[PDB]
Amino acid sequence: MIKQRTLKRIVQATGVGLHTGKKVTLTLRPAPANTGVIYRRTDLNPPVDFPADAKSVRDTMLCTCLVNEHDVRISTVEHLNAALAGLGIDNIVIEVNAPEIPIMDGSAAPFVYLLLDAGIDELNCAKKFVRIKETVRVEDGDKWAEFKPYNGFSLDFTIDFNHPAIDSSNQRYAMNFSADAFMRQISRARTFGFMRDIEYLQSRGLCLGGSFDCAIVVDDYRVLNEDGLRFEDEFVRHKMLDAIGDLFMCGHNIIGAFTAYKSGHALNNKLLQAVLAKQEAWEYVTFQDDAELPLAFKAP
């Protein structure tokens, strides 16, 4: 039987918050079956829990955040979340002594090593997948995103960029998901921003953790980062990293075909909620028989 997974041990890491620029300590903890993904703020007293849920997401100007019933927030969860999907973590408590998850290097990679340090513990309870069984499409102007039936997990992402430092042949990425493919082809792709906008935010006391160490920054014409890009198409690879993180907000791996044109956090989440809202568009499935398990969701 394909079992739910959690961490073997508690691990910690430090880093700066994108918003505050202050040092944030991140603590990852094992969690029992069926409890899912829980983000927790321990700076507040008492601590506040934010169960990962599609309905709780808000797409703020910088990255994303979760909210509780009083509109208290925890921000920048999507890159760590993406790593959770990549390494097949189902139940976990994620604590920060701050209002946000540390930005690290702007990618998911640093979270990969952290999770590997924590190890894997299988729990005696079947892992539930969300199997798409009807086509579901959402739109927003000339932007769209859809899920289609497909015995696997694939993502097909096209981004509309006109920036001189981003060539056209690098405005589409497509992959058949897997722990190994995520770790190698996606996890290291960094987030990115426009330098003048960042300068502005920081002059208003925002995005104070922003630096070359946590993002690809371009001006009107070029990449400013000394070493350049980790991939020629790092921008679109990161957009796919963000898609995986957005979709995993439901706490389950989805068996289906994801396609998106000019999509982002808002649209991805709108699709996620659209799928879950229609009862006949999806169903839970488990794998009592391991050989049944789609290629895409095999252990790392």
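For clarity, a rigid core is taken as the largest C-alpha set superposing within 1.5 Å between two forms. Note that residue numbering begins at 1 and tracks the sequence as displayed.
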query: Farther-lying stretch by C-alpha RMS in 5 other deposited structures of this protein (rigid core fit) among 287-295, 273-281; finding: 287-295
query: Stretch farther from the shown model on average in 5 other deposited structures of this protein, with CA RMS computed after core superposition (179-187, 159-167); finding: 159-167
query: Segment of higher mean CA temperature factor, 168-176 or 77-85; finding: 168-176
query: Higher-scoring stretch by recorded Cα B factor average, 148-156 or 226-234; finding: 148-156
query: Of the residues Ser203, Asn97, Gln185, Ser107, the one carrying the largest Cα B-factor as recorded; finding: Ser203
query: Of the residues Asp71, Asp219, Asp197, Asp142, the one carrying the largest Cα B-factor as recorded; finding: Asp142
query: Third of the chain, ranked by Cα B-factor, where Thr14 sits; finding: middle
query: Record-listed C-alpha B factor of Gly245: chain third; finding: lowest
query: Ranked against its chain, the third holding the CA B-factor of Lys128; finding: middle
query: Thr64 - Cα temperature factor, lowest/middle/highest third of chain; finding: lowest
query: CA B-factor placement of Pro47, once the chain's modelled residues are sorted into thirds; finding: middle
